[PDB]
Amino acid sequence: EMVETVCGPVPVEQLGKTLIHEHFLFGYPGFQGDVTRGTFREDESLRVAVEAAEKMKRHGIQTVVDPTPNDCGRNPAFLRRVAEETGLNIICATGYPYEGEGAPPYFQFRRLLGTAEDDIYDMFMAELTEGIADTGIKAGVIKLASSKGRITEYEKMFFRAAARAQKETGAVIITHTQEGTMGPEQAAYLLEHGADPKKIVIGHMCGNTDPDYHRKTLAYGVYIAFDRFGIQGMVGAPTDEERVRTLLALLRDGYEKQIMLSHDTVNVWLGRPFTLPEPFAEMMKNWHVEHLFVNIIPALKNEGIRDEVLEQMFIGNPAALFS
């Protein structure tokens, strides 16, 4: 009935049109060391975040899930300021990134001491049921991530802790898959440890263009996410046209009640500013929060996707996911 947001409990029936994976702030681990040349511009960042929320609102979005990992710039008080200003529901996460794009040392050390998995579980429980730091804000989802072609032993501690915390809380699990791999493995390993497939979103599924792969993942009953629309030519990502072709295939197979769509935008980059060089810059020009509604969804309409199906993906699925 309720979900925890950055503005406290909101009824699930009032979530409305929802983007399941968007980052208002994000920084790659290691950004914290470049503070002198890449310090956080709080108020200009707010204006950018707020303006992104307003772009999203102009297409009817009422809720955004922001699954920024704990050490990647997750800032719940900042997200609360966005939501208070814009009236948008924002759900944040508890969790850590995968090995190759994260900071493994800290919890690697605690595995050596033999308390890592228990420490992760305790973090998850605290941030789900009490609050993050002193913000008073509970996370609404557990964020999980796995490496390319592998759920490493390090990563599996988080999967196991996540399953245990979901058994205790009912919290939704949202995942990251690296370069279109481990989708079925993620679902199977979480289920092995008692997670609920109805509360799982396997992410970055648009990273794999083989509809057999998605069907392997869908058979577990989980949700999948085509959540990187507009990312092309980097992090191994396929083209948007490949994303559209794979999605139409599944949708023409009757899989609407399990598919959610998003962009995985980074609206404010933490650390030092940058501009992508000449080739990616072109491929990445549609990586913004209006892309799905200005470009992708008109194309889906022309391919015969009906409003009820879209509405199923943007409204019905998040509502079922969080209830």
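Heads up: residue numbers just count along the shown sequence, starting at 1.
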| query | finding |
| --- | --- |
| Stretch with the greater mean C-alpha B-factor as recorded in the entry, comparing 217 to 225 against 174 to 182 | 217 to 225 |
| Mean temperature factor over C-alpha atoms, higher-scoring stretch between 74 to 82 and 104 to 112 | 104 to 112 |
| Member of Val268, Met56, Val65, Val294 with the greatest C-alpha B factor (per the PDB record) | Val294 |
| Residue with highest C-alpha B-factor in the PDB entry, from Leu15, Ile20, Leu25, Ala299 | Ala299 |
| Chain third (lowest, middle, highest) by recorded CA B-factor, residue given as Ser323 | highest |
| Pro9 - which third its CA temperature factor falls in, relative to the rest of the chain | lowest |
| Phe40 - Cα temperature factor, lowest/middle/highest third of chain | highest |
| Among modelled residues of the same chain, the CA temperature factor third for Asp196 | middle |
| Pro279 - Cα temperature factor, lowest/middle/highest third of chain | highest |
